Structures are given as C-alpha cells and as structure tokens.
Amino acid sequence: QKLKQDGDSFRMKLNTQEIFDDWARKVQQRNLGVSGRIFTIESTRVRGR
Amino acid sequence: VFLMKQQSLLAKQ
Numbered sequence: 680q681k682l683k684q685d686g687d688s689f690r691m692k693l694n695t696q697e698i699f700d701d702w703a704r705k706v707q708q709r710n711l712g713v714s715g716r717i718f719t720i721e722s723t724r725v726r727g728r
Numbered sequence: 361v362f363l364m365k366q367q368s369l370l371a372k373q
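Residue numbers (the deposited numbering), protein chains in the order written: chain n, 680 to 728; chain r, 361 to 373.
Set out below in structure tokens:
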C-alpha cells in the first residue's frame with residue numbers, strides 16, 4: 680500500500696515527456712512555417728553592424 | 361556585404 684502510494688506518483692512524474700507536448704503545441708500553432716522551413720534555400724536581408 | 365544584400369533582397373524587399 681505504501682509502495683503504491685509512493686509509486687503511482689513516482690511512475691507518473693517518471694513517465695513524462697511534456698517537452699515534446701510543448702513542441703507539439705507550437706507545431707499546432709505554426710508547423711507549416713517552423714517545422715516545414717523548406718521554402719527558401721538562403722535568406723536575403725541585412726545584418727547588425 | 362551591402363552589395364550582396366542588395367543583390368539578394370532586390371526582389372525579396
């Protein structure tokens with residue numbers, strides 16, 4: 680019983696990959712421009728100097 | 361440099 684009480688939450692925070700979920704949320708937002716950045720082969724603008 | 365940026369972003373504003 681003590682092992683279950685101290686192991687359910689242990690396996691919960693132990694089996695967690697929320698970083699990929701955050702990346703997936705950002706993908707849901709603008710994936711066609713962020714993940715699929717295959718439109719231009721090189722940029723064309725100025726820099727800072 | 362500046363000339364390269366102008367030759368590249370001329371059509372890309």
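Quick reminder that beta carbons are idealized off the backbone N, C-alpha and C, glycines included.
What would DSSP say about residue i, mapped onto helix, strand or coil?
| i | result |
| --- | --- |
| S368 of chain r | helix |
| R728 of chain n | coil |
| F699 of chain n | helix |
| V361 of chain r | coil |
| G712 of chain n | helix |
| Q707 of chain n | helix |
In terms of residue numbering, what span does the alpha helix (DSSP H) encompassing residue i cover?
| i | result |
| --- | --- |
| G686 of chain n | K681 to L693 |
Are any of the Cβ atoms in chain B nearer than 8 angstroms to that of residue i?
| i | result |
| --- | --- |
| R690 of chain n | This model lacks chain B altogether; the protein chains it does include are n and r. |
Exercise. Using Cβ-Cβ distances below 8 angstroms, what residues of the segment 692–716 of chain n are close to chain r?
Worked result: Those would be none; no residue qualifies.
Exercise. Is the segment 714–727 of chain n touching the segment 361–372 of chain r, taking contact as three or more C-beta pairs under 8 angstroms?
Worked result: yes
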